[PDB]
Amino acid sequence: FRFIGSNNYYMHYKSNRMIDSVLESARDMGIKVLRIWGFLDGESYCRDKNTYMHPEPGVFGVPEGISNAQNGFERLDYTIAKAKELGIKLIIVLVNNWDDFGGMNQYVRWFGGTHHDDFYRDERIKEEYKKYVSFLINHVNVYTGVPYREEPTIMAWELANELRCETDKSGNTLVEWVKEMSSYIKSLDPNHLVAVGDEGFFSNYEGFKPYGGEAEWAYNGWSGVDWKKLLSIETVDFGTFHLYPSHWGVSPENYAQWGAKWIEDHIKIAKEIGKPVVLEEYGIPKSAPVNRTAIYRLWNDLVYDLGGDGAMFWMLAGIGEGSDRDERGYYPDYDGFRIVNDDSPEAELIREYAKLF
């Protein structure tokens, strides 16, 4: 199974109209897999979206006594049931490295820690993450009757979006945490694939250096991620990597070749370990002084020709509503990476490549 995929982060708190639009757009475009968030941590983040998943330790869903709120499990249930109908598979990520939707720092605040990376080390935090993930994976979808652990529309669980641990540049903290949590998920759900959801950083591997000497930190272990070691974990089924040369220090004239080398290196390493590998987020800003579609074509050709298992752009949006609606009625392009199902050269490229993979 090889595919063109995408990402959408608002499938657990927006309306039926808006969810139907993203999933219908994916089906129309040929996008087979959508990577979505399965978390909403912290009372302030829940209140901001009027949607509750994990507002406090041991509270899953809407707090007793709060009325007029959405339950993010019910919105995720609706998303899964519609994806099932429309033939879209879902990768569902279980916490954010970043503060959007609470993330690791929200868990550290709950447990009175002092650094983001206490999330990997404090046993009280690790226990709360396992309680959350157990609740989610055992949750019975209210539109299908099928618990998520038995739902084939879900392709994979992912431990943590873009996990990093800068406080341990040896890589060992993340290896231990990924071993513990991926084994834990397999103990709950022996059916589904498990992956990490990280960006794919290397930790000073002989003969792997960045294109053009830019963004060395992504090759030399700065983030505390040793991707090869993570991919070798028995309870990890496939490797994930992300690609944003414009965020990482690469010059615009080097975005294409830096990204090309990044894809080549990840596929070579995963092929030697013998597990599948997915480029699960990539993006070039709409305003970059290069042809974004030709970069996306180059990177999709490389994944296709080198035998990578999937290429997933960040990100796909559909129609918008309320305060999230732009000049054409769509959910707005807030970050410069949005693609929608229109006549843009990027949308045309995605439709063309979805026919190939």
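Numbers for residues come from their place in the sequence shown, where the first is 1.
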item: Higher-B stretch (mean Cα B-factor, as the entry records it), 345-353 or 12-20; value: 345-353
item: Comparing 126-134 with 248-256, the one whose average Cα B-factor in the PDB entry is higher; value: 248-256
item: Member of 40, 36, 290, 31 with the greatest C-alpha B factor (per the PDB record); value: 290
item: Selection by C-alpha B-factor (highest) of 117, 216, 281, 100; value: 216
item: Residue 319 CA temperature factor, ranked by third within the chain; value: middle
item: Residue 242 CA temperature factor, ranked by third within the chain; value: lowest
item: Assigned third (lowest, middle, highest) for the C-alpha B factor of residue 82; value: lowest
item: CA B-factor ranking of residue 157, expressed as a third of its chain; value: lowest
item: Relative C-alpha B-factor of residue 208, binned into the chain's lowest, middle or highest third; value: highest
